[PDB]
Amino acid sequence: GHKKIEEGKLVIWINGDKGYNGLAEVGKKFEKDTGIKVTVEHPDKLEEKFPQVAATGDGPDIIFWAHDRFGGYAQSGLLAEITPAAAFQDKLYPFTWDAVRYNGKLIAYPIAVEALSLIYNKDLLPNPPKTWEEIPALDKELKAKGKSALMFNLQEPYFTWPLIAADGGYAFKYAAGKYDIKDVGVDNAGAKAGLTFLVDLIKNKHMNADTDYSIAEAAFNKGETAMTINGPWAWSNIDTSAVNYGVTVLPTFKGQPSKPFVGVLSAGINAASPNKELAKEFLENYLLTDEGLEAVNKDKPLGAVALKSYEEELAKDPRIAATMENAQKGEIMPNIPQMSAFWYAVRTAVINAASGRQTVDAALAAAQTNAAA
(Lines of atoms letter the chains of each structure in order from A and count residues from 1; the text may use other names and numbers.)
(Lines give C-alpha, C1' and ligand atoms only; values in the text may rest on other atoms or scores of the structure.)
Protein backbone atom coordinates (compact mmCIF):
# COMPACT_ATOMS: atom_id res chain seq x y z
CA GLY A 1 0.00 0.00 0.00
CA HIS A 2 3.18 2.16 0.03
CA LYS A 3 2.85 3.26 -3.69
CA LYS A 4 -0.50 5.18 -3.31
CA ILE A 5 -3.22 4.12 -5.84
CA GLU A 6 -1.44 1.93 -8.47
CA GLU A 7 -2.28 2.55 -12.18
CA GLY A 8 -3.43 -0.54 -14.18
CA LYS A 9 -5.34 -2.35 -11.36
CA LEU A 10 -8.59 -1.79 -9.36
CA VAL A 11 -8.81 -1.81 -5.52
CA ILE A 12 -12.44 -1.92 -4.21
CA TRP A 13 -13.65 -1.31 -0.60
CA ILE A 14 -17.03 -2.77 0.52
CA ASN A 15 -18.42 -3.35 4.06
CA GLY A 16 -17.95 -6.87 5.55
CA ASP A 17 -21.76 -7.41 5.94
CA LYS A 18 -22.06 -7.33 2.09
CA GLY A 19 -21.40 -9.97 -0.59
CA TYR A 20 -17.65 -9.22 -1.13
CA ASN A 21 -16.92 -12.80 -2.39
CA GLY A 22 -19.66 -12.28 -5.06
CA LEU A 23 -18.13 -8.89 -6.05
CA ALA A 24 -14.70 -10.70 -6.15
CA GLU A 25 -16.23 -13.13 -8.76
CA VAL A 26 -17.27 -10.11 -10.92
CA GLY A 27 -13.64 -8.93 -10.38
CA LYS A 28 -12.33 -12.31 -11.73
CA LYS A 29 -14.59 -12.02 -14.86
CA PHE A 30 -13.20 -8.44 -15.39
CA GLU A 31 -9.59 -9.73 -15.00
CA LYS A 32 -10.28 -12.66 -17.44
CA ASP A 33 -11.75 -10.24 -20.09
CA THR A 34 -9.35 -7.20 -19.67
CA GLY A 35 -6.16 -8.57 -17.97
CA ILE A 36 -6.72 -5.93 -15.18
CA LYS A 37 -6.45 -7.42 -11.63
CA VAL A 38 -9.34 -6.42 -9.26
CA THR A 39 -8.74 -6.65 -5.45
CA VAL A 40 -11.84 -6.54 -3.13
CA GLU A 41 -11.02 -5.50 0.49
CA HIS A 42 -13.47 -5.22 3.46
CA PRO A 43 -11.57 -3.12 6.04
CA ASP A 44 -13.02 -2.39 9.53
CA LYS A 45 -14.51 1.18 9.91
CA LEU A 46 -14.30 1.53 6.06
CA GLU A 47 -16.58 4.64 6.13
CA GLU A 48 -14.15 6.35 8.64
CA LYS A 49 -10.89 5.12 6.95
CA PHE A 50 -11.86 6.21 3.36
CA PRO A 51 -11.92 10.02 4.01
CA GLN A 52 -8.58 9.85 5.94
CA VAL A 53 -6.66 7.96 3.17
CA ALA A 54 -8.53 9.47 0.13
CA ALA A 55 -7.46 13.02 1.23
CA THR A 56 -3.75 11.99 0.94
CA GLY A 57 -4.45 10.47 -2.54
CA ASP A 58 -4.49 6.89 -1.24
CA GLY A 59 -7.12 4.21 -0.60
CA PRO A 60 -9.33 2.31 -3.09
CA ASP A 61 -10.22 3.12 -6.75
CA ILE A 62 -13.90 2.35 -5.90
CA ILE A 63 -15.68 2.73 -2.51
CA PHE A 64 -19.03 1.05 -1.69
CA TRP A 65 -21.30 2.48 1.06
CA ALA A 66 -24.92 3.64 1.51
CA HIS A 67 -25.41 7.02 -0.30
CA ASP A 68 -25.70 8.93 3.06
CA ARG A 69 -21.85 9.33 3.38
CA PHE A 70 -21.21 10.30 -0.31
CA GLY A 71 -22.19 14.01 0.00
CA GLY A 72 -19.46 14.39 2.68
CA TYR A 73 -16.88 12.56 0.50
CA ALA A 74 -17.87 14.80 -2.47
CA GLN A 75 -17.80 18.07 -0.40
CA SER A 76 -14.33 16.93 0.91
CA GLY A 77 -13.15 16.58 -2.77
CA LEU A 78 -12.67 12.77 -2.55
CA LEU A 79 -15.09 11.61 -5.36
CA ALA A 80 -14.82 11.88 -9.19
CA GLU A 81 -17.98 13.14 -10.99
CA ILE A 82 -19.41 10.12 -12.89
CA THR A 83 -20.50 10.67 -16.55
CA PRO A 84 -22.88 7.78 -17.44
CA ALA A 85 -24.59 8.12 -20.89
CA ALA A 86 -28.41 8.64 -21.00
CA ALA A 87 -28.58 5.05 -22.43
CA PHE A 88 -26.93 3.71 -19.20
CA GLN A 89 -28.85 6.11 -16.87
CA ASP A 90 -32.16 4.74 -18.37
CA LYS A 91 -31.22 1.19 -17.10
CA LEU A 92 -31.53 2.30 -13.39
CA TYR A 93 -34.58 3.80 -11.55
CA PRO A 94 -34.37 7.66 -11.43
CA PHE A 95 -34.93 7.74 -7.61
CA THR A 96 -31.65 5.72 -7.18
CA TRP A 97 -29.77 8.38 -9.26
CA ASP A 98 -31.52 11.08 -7.12
CA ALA A 99 -29.85 9.48 -4.00
CA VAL A 100 -26.31 9.86 -5.52
CA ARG A 101 -26.77 13.47 -6.83
CA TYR A 102 -24.93 16.25 -4.85
CA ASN A 103 -25.00 19.96 -6.02
CA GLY A 104 -26.58 18.78 -9.33
CA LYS A 105 -23.66 16.33 -10.05
CA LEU A 106 -23.81 12.48 -9.95
CA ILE A 107 -21.03 11.35 -7.49
CA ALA A 108 -21.65 7.53 -7.42
CA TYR A 109 -23.33 4.57 -9.22
CA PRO A 110 -26.42 3.34 -7.29
CA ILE A 111 -26.47 -0.51 -6.77
CA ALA A 112 -29.38 -1.49 -4.42
CA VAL A 113 -32.15 -0.11 -2.12
CA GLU A 114 -31.86 -1.37 1.51
CA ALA A 115 -34.43 -1.11 4.33
CA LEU A 116 -34.69 -2.97 7.68
CA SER A 117 -37.61 -5.45 8.01
CA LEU A 118 -39.08 -7.45 10.94
CA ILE A 119 -37.66 -11.03 10.66
CA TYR A 120 -39.65 -13.65 12.65
CA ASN A 121 -39.35 -17.40 13.46
CA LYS A 122 -42.60 -18.91 11.99
CA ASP A 123 -42.28 -22.02 14.29
CA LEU A 124 -42.00 -19.88 17.52
CA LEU A 125 -44.35 -17.10 16.27
CA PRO A 126 -46.80 -17.97 13.43
CA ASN A 127 -48.48 -14.51 13.91
CA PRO A 128 -45.89 -11.72 14.39
CA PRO A 129 -47.17 -8.69 16.39
CA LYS A 130 -48.45 -5.65 14.38
CA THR A 131 -47.51 -3.17 17.22
CA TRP A 132 -44.39 -2.47 19.40
CA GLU A 133 -46.82 -2.07 22.37
CA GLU A 134 -47.73 -5.83 22.36
CA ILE A 135 -44.01 -6.99 22.48
CA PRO A 136 -43.59 -6.89 26.34
CA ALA A 137 -46.67 -9.19 26.81
CA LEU A 138 -45.31 -11.56 24.05
CA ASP A 139 -41.86 -11.51 25.76
CA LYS A 140 -43.44 -12.38 29.20
CA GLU A 141 -45.23 -15.30 27.36
CA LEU A 142 -42.03 -16.57 25.54
CA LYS A 143 -39.73 -16.13 28.66
CA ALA A 144 -41.93 -18.85 30.32
CA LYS A 145 -40.93 -21.23 27.42
CA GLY A 146 -37.24 -20.13 27.81
CA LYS A 147 -37.37 -17.77 24.74
CA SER A 148 -37.43 -13.97 24.06
CA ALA A 149 -39.70 -11.91 21.73
CA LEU A 150 -37.08 -9.62 20.08
CA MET A 151 -33.26 -9.13 19.80
CA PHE A 152 -31.57 -6.62 17.41
CA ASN A 153 -28.35 -4.53 17.24
CA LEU A 154 -28.76 -1.69 19.84
CA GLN A 155 -25.12 -0.46 19.21
CA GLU A 156 -25.92 1.16 15.76
CA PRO A 157 -28.64 3.88 15.57
CA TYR A 158 -29.65 2.61 12.07
CA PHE A 159 -31.62 -0.20 13.85
CA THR A 160 -33.33 1.92 16.61
CA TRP A 161 -34.10 4.88 14.23
CA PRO A 162 -37.28 3.24 12.80
CA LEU A 163 -38.93 3.27 16.30
CA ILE A 164 -37.53 6.80 17.06
CA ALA A 165 -38.94 8.26 13.76
CA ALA A 166 -42.34 6.42 14.01
CA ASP A 167 -44.19 9.09 16.12
CA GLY A 168 -42.48 12.17 14.52
CA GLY A 169 -38.66 11.91 14.93
CA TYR A 170 -36.62 13.09 11.88
CA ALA A 171 -32.95 13.91 11.04
CA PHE A 172 -33.18 17.06 8.79
CA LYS A 173 -36.54 18.58 7.67
CA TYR A 174 -37.12 18.34 3.89
CA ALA A 175 -38.64 21.83 3.26
CA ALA A 176 -39.15 23.54 -0.16
CA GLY A 177 -37.33 20.59 -1.86
CA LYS A 178 -34.16 21.22 0.31
CA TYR A 179 -32.75 19.86 3.65
CA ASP A 180 -32.89 22.46 6.51
CA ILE A 181 -29.59 21.85 8.50
CA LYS A 182 -30.98 24.20 11.25
CA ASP A 183 -34.20 22.06 11.68
CA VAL A 184 -33.20 18.71 13.37
CA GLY A 185 -35.92 16.39 14.83
CA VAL A 186 -33.99 14.14 17.29
CA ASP A 187 -35.19 15.90 20.50
CA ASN A 188 -38.92 16.26 19.56
CA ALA A 189 -41.85 14.51 21.39
CA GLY A 190 -42.00 11.60 18.86
CA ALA A 191 -38.26 10.81 19.11
CA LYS A 192 -38.56 10.98 22.95
CA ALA A 193 -41.64 8.65 22.95
CA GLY A 194 -39.79 6.25 20.61
CA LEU A 195 -36.50 6.11 22.56
CA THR A 196 -38.40 6.05 25.93
CA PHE A 197 -40.28 2.92 24.67
CA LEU A 198 -36.92 1.28 23.72
CA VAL A 199 -35.26 2.19 27.09
CA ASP A 200 -38.42 0.81 28.87
CA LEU A 201 -38.09 -2.50 26.90
CA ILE A 202 -34.52 -2.64 28.44
CA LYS A 203 -35.51 -1.50 32.00
CA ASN A 204 -38.25 -4.24 32.04
CA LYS A 205 -35.58 -6.81 30.83
CA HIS A 206 -37.35 -7.54 27.46
CA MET A 207 -33.99 -6.55 25.79
CA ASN A 208 -30.30 -6.04 26.90
CA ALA A 209 -28.47 -2.70 26.24
CA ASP A 210 -25.23 -4.61 25.32
CA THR A 211 -26.96 -6.61 22.48
CA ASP A 212 -24.99 -6.02 19.20
CA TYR A 213 -25.25 -7.38 15.58
CA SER A 214 -23.47 -10.72 16.41
CA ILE A 215 -25.44 -11.51 19.65
CA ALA A 216 -28.81 -10.73 17.93
CA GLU A 217 -27.89 -12.73 14.75
CA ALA A 218 -26.69 -15.72 16.88
CA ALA A 219 -29.80 -15.59 19.16
CA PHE A 220 -32.28 -15.51 16.19
CA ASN A 221 -30.30 -18.01 14.02
CA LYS A 222 -30.16 -20.51 16.99
CA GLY A 223 -33.97 -19.99 17.53
CA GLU A 224 -33.42 -18.47 21.06
CA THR A 225 -35.48 -15.32 20.10
CA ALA A 226 -38.75 -15.09 18.07
CA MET A 227 -37.93 -11.85 16.14
CA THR A 228 -35.01 -9.66 14.94
CA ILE A 229 -34.72 -6.42 12.85
CA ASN A 230 -32.18 -6.56 9.95
CA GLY A 231 -31.58 -6.02 6.19
CA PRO A 232 -31.48 -8.27 3.10
CA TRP A 233 -27.71 -8.99 3.60
CA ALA A 234 -28.68 -10.97 6.78
CA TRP A 235 -30.98 -13.52 4.97
CA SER A 236 -28.07 -15.73 3.68
CA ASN A 237 -26.99 -16.74 7.27
CA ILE A 238 -30.66 -17.41 8.29
CA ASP A 239 -30.99 -19.66 5.16
CA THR A 240 -27.95 -21.77 6.35
CA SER A 241 -29.58 -22.04 9.88
CA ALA A 242 -32.44 -24.39 10.95
CA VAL A 243 -34.88 -21.41 11.29
CA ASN A 244 -38.08 -21.16 9.18
CA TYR A 245 -38.21 -17.32 8.99
CA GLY A 246 -40.57 -14.69 7.55
CA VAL A 247 -39.67 -11.07 6.61
CA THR A 248 -42.61 -8.66 7.21
CA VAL A 249 -43.65 -5.02 7.97
CA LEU A 250 -41.96 -3.51 11.08
CA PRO A 251 -44.34 -3.12 14.07
CA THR A 252 -46.34 0.19 14.40
CA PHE A 253 -45.74 2.56 17.40
CA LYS A 254 -48.63 4.72 18.76
CA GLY A 255 -50.49 3.35 15.68
CA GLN A 256 -47.97 4.92 13.21
CA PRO A 257 -45.57 2.87 11.02
CA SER A 258 -41.87 2.38 11.94
CA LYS A 259 -39.92 4.62 9.50
CA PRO A 260 -36.62 2.90 8.58
CA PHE A 261 -33.94 5.15 7.00
CA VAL A 262 -33.66 3.85 3.39
CA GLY A 263 -30.07 3.43 2.10
CA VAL A 264 -28.97 3.12 -1.55
CA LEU A 265 -25.77 1.01 -1.61
CA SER A 266 -23.59 3.07 -4.01
CA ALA A 267 -20.15 2.86 -5.72
CA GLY A 268 -18.00 6.02 -5.78
CA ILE A 269 -14.77 6.51 -7.77
CA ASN A 270 -11.84 7.94 -5.73
CA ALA A 271 -11.04 11.45 -7.13
CA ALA A 272 -7.31 10.48 -6.87
CA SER A 273 -7.77 7.15 -8.79
CA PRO A 274 -5.68 7.02 -11.99
CA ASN A 275 -8.09 4.18 -13.12
CA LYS A 276 -11.39 6.13 -13.55
CA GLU A 277 -12.13 4.75 -17.09
CA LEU A 278 -11.38 1.18 -15.83
CA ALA A 279 -13.66 1.83 -12.76
CA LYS A 280 -16.45 3.18 -15.08
CA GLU A 281 -15.99 0.08 -17.37
CA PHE A 282 -16.09 -2.33 -14.34
CA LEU A 283 -19.16 -0.69 -12.71
CA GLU A 284 -21.21 -0.01 -15.94
CA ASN A 285 -20.32 -3.10 -18.08
CA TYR A 286 -19.59 -5.80 -15.39
CA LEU A 287 -21.21 -5.00 -11.97
CA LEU A 288 -24.45 -3.19 -13.07
CA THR A 289 -25.66 -6.18 -15.19
CA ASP A 290 -28.08 -9.09 -14.40
CA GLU A 291 -24.99 -11.42 -14.12
CA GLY A 292 -22.96 -8.92 -12.02
CA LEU A 293 -25.78 -8.16 -9.53
CA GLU A 294 -26.76 -11.91 -9.49
CA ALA A 295 -23.14 -12.89 -8.53
CA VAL A 296 -23.23 -10.42 -5.55
CA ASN A 297 -26.91 -11.18 -4.58
CA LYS A 298 -26.11 -14.98 -4.50
CA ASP A 299 -23.36 -14.31 -1.84
CA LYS A 300 -25.48 -11.87 0.31
CA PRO A 301 -28.84 -10.42 -0.88
CA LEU A 302 -28.58 -6.74 -2.05
CA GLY A 303 -32.30 -5.97 -1.49
CA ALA A 304 -34.09 -4.11 -4.35
CA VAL A 305 -31.34 -3.51 -6.98
CA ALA A 306 -31.26 -0.20 -8.95
CA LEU A 307 -31.01 -2.14 -12.28
CA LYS A 308 -34.60 -2.40 -13.70
CA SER A 309 -33.84 -5.64 -15.69
CA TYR A 310 -32.75 -7.59 -12.53
CA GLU A 311 -35.19 -5.78 -10.13
CA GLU A 312 -38.22 -7.13 -12.16
CA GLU A 313 -36.92 -10.73 -11.49
CA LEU A 314 -36.27 -10.21 -7.71
CA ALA A 315 -39.52 -8.17 -7.07
CA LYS A 316 -41.43 -11.54 -7.05
CA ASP A 317 -39.56 -12.51 -3.78
CA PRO A 318 -41.90 -11.66 -0.82
CA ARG A 319 -38.79 -10.79 1.33
CA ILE A 320 -38.05 -7.98 -1.20
CA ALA A 321 -41.79 -7.02 -1.36
CA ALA A 322 -41.58 -6.64 2.48
CA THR A 323 -38.22 -4.74 2.17
CA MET A 324 -39.91 -2.28 -0.29
CA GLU A 325 -43.11 -2.09 1.86
CA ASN A 326 -40.89 -1.09 4.86
CA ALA A 327 -38.85 1.29 2.57
CA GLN A 328 -42.11 3.02 1.36
CA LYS A 329 -43.03 3.67 5.08
CA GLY A 330 -39.64 5.26 5.85
CA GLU A 331 -37.74 8.05 4.09
CA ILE A 332 -34.54 8.00 1.95
CA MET A 333 -31.43 9.15 3.90
CA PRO A 334 -30.11 12.63 3.06
CA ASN A 335 -26.61 12.56 1.43
CA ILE A 336 -25.70 16.05 2.86
CA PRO A 337 -22.25 16.32 4.55
CA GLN A 338 -23.90 16.75 8.03
CA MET A 339 -25.17 13.07 8.08
CA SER A 340 -21.86 11.84 9.61
CA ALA A 341 -22.34 14.22 12.62
CA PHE A 342 -26.09 13.30 12.89
CA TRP A 343 -25.24 9.55 13.03
CA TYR A 344 -22.44 10.09 15.62
CA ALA A 345 -24.85 12.20 17.78
CA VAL A 346 -27.77 9.69 17.59
CA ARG A 347 -25.31 6.74 18.22
CA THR A 348 -24.10 8.42 21.47
CA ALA A 349 -27.70 9.38 22.45
CA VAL A 350 -29.09 5.81 22.04
CA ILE A 351 -26.12 4.11 23.84
CA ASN A 352 -26.17 6.70 26.70
CA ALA A 353 -30.01 6.36 27.10
CA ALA A 354 -30.03 2.51 26.72
CA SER A 355 -27.10 2.07 29.21
CA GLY A 356 -28.95 4.39 31.69
CA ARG A 357 -25.90 6.78 31.80
CA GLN A 358 -28.28 9.62 30.69
CA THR A 359 -32.08 10.23 30.59
CA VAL A 360 -33.74 9.91 27.13
CA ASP A 361 -34.62 13.67 27.21
CA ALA A 362 -31.00 14.77 28.04
CA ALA A 363 -29.40 12.18 25.69
CA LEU A 364 -31.59 13.43 22.78
CA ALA A 365 -31.29 17.15 23.82
CA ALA A 366 -27.45 16.71 23.59
CA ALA A 367 -27.72 14.82 20.24
CA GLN A 368 -29.94 17.62 18.77
CA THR A 369 -27.28 20.32 19.46
CA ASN A 370 -24.38 17.98 18.45
CA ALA A 371 -26.12 17.06 15.12
CA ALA A 372 -25.89 20.76 14.06
CA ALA A 373 -22.03 20.68 14.01
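The numbering used is simple: start at 1 and walk along the sequence shown.
- Legend: mean Cα B-factor per stretch from the PDB entry, 176-184 versus 104-112; the higher mean is in 176-184.
- When the two stretches 339-347 and 33-41 are set side by side, the higher mean Cα temperature factor goes to 33-41.
- For the set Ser241, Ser266, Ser76, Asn230, the PDB entry assigns the largest Cα B-factor to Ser241.
- Annotation for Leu364: C-alpha temperature factor in the lowest third relative to the rest of the modelled chain, per the entry.
- Sort the chain's modelled residues by C-alpha temperature factor and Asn237 lands in the highest third, per the entry.
- In the PDB entry, a CA B factor belonging to the middle third of its chain's modelled residues is recorded for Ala272.
- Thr96: CA B factor lies in the lowest third for its chain, per the PDB record.
- When the CA B factors of the chain's modelled residues are split into thirds, the value for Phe50 lands in the middle one.
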